[PDB]
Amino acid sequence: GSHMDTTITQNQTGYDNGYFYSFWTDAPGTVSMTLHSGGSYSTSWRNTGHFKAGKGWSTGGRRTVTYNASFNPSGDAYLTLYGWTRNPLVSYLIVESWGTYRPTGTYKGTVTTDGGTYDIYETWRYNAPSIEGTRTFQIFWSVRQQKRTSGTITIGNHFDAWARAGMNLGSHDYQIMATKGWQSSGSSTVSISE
């Protein structure tokens, strides 16, 4: 990378090189994120707990985003467009790739977009870290049926499919192209653009 890159190890949000970024983990010291130029960042993690890290936008919406990634999980991790809404309090994931485990939940249907078919799922997390604290909230999922690590995500197509399936989003908080890890190790480099 560049000597001007910044390596992040503490929970934080902010802006870097034109883009919002978020870094969150319950396992500090097990994961780091390096913020590169433009829409790029890398992560490196080792026997972590839970982390989510990525670049994107502080306010999500129906963006058409293009991303290129190198995604190298050892164990449970996702490469995913990740975001939050409030009222309803929902975390949503458009999962592009995963490691050892393909995330699934309550089947809600399918959506075909950006040359790929995604299964739609809903899950709940109970008493869990959220943008509003320890809460019980919904997760909306679009999980691609086959892994990919570059391409375009027409986010509005996912939002529309979810609405058709009765899954309603609230007011948008942040929206990032994220690396997300659970009790695993690995690395990633992710580059995005709108």
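Throughout, rigid core stands for the largest set of C-alpha atoms superposing within 1.5 Å between the two forms. Note that residue numbering follows the sequence shown and begins at 1.
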Superpose on the core, then say which of 126-134 and 24-32 ends up with the larger RMS Cα offset from this form in 4 other deposited structures of this protein.
126-134
Per the PDB entry, mean CA B-factor is higher for 134-142 or 48-56, namely for 134-142
Mind pulling up the entry and telling me whether 145-153 or 125-133 has the higher mean Cα temperature factor?
125-133
Quick one: which of 171, 25, 22, 179 has the biggest Cα B-factor according to the entry?
171
Chain-relative C-alpha B factor for residue 14 (record values, thirds): the highest
Can you tell me whether residue 101 has a C-alpha B-factor in the lowest, middle or highest third compared with the other modelled residues of the same chain?
highest
Sorting the chain's modelled residues by C-alpha B-factor, tell me whether residue 158 ends up in the lowest, middle or highest third.
lowest
Against its chain's modelled residues, does residue 87's Cα B factor rank lowest, middle or highest third?
highest
Hey, what third does residue 112 fall into on Cα B-factor, ranked over its chain?
highest
